[PDB]
């Protein structure tokens, strides 16, 4: 039985970038529901004893949608943090500069892809199997886990992720997303 991992911080820790109200709905209702959905769908199936990643790589339809959504959201919450954001340093900074030229270029490209992601979806910074970094976007519950690329950072662009706080202004949401990036988590993802 899967459970909703506890948020990594206080419900109001991401304010004003992401409100406590958005956390209440996005984490407390949406994410929670995906967990319940998954448990319901895999009950009595061969998926029961499998890890989240394992189910994501061997399922389709509702099972896949909910499994991928549970994983994507948990990853998303860890990509955010209070007293973070800004420009990265250390290994992450070097890696980003090596693949995109500079952080500024990376940022613009990431923001552009996230804003251009049509409909519901996710935009990611990944580390390809060849060690190089790249920006890719997925639709709906899609995830880089079904490929050989390693997710390092993500932004949820389903409208529920920002409508309470930004309405249709996805660009404003992205702007504030940058002020919340947990580069420590990104570094851990990169060094793994």
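Numbering follows the first chain given and starts at 1.
- Query: If you average the CA temperature factors over each stretch, which comes out higher, 154 to 162 or 122 to 130?
  - Reply: Comparing 154 to 162 with 122 to 130, the higher mean C-alpha B-factor belongs to 122 to 130.
- Compare the mean C-alpha B-factor of 21 to 29 with that of 6 to 14 as given in the PDB entry, and name the stretch with the higher value. Mean B over CA atoms: larger for 6 to 14.
- At the C-alpha atoms, which of 89, 78, 83, 72 reaches the highest B-factor in this entry? Among 89, 78, 83, 72, the highest C-alpha B-factor in the entry belongs to 83.
- Message: Split into thirds by Cα B-factor across the chain's modelled residues, where does residue 136 land: lowest, middle or highest?
- Response: Middle third, going by the recorded CA B-factors of the chain.
- Task: Rank-wise, by C-alpha B-factor, drop residue 147 into the lowest, middle or highest third of its chain.
- Result: It falls in the top third of the chain.
- Cα B factor band for residue 42 (lowest, middle or highest third within the chain): For residue 42, whose C-alpha B-factor we compare with every modelled residue in the chain, the answer is the highest third.
- Task: Check where residue 113 lands among this chain's C-alpha B-factors and tell me if it's the lowest, middle or highest third.
- Result: Its C-alpha B-factor, which the entry lists for residue 113, ranks in the middle third among residues of this chain.
- Message: Can you tell me whether residue 67 has a C-alpha B-factor in the lowest, middle or highest third compared with the other modelled residues of the same chain?
- Response: Lowest third, going by the recorded CA B-factors of the chain.
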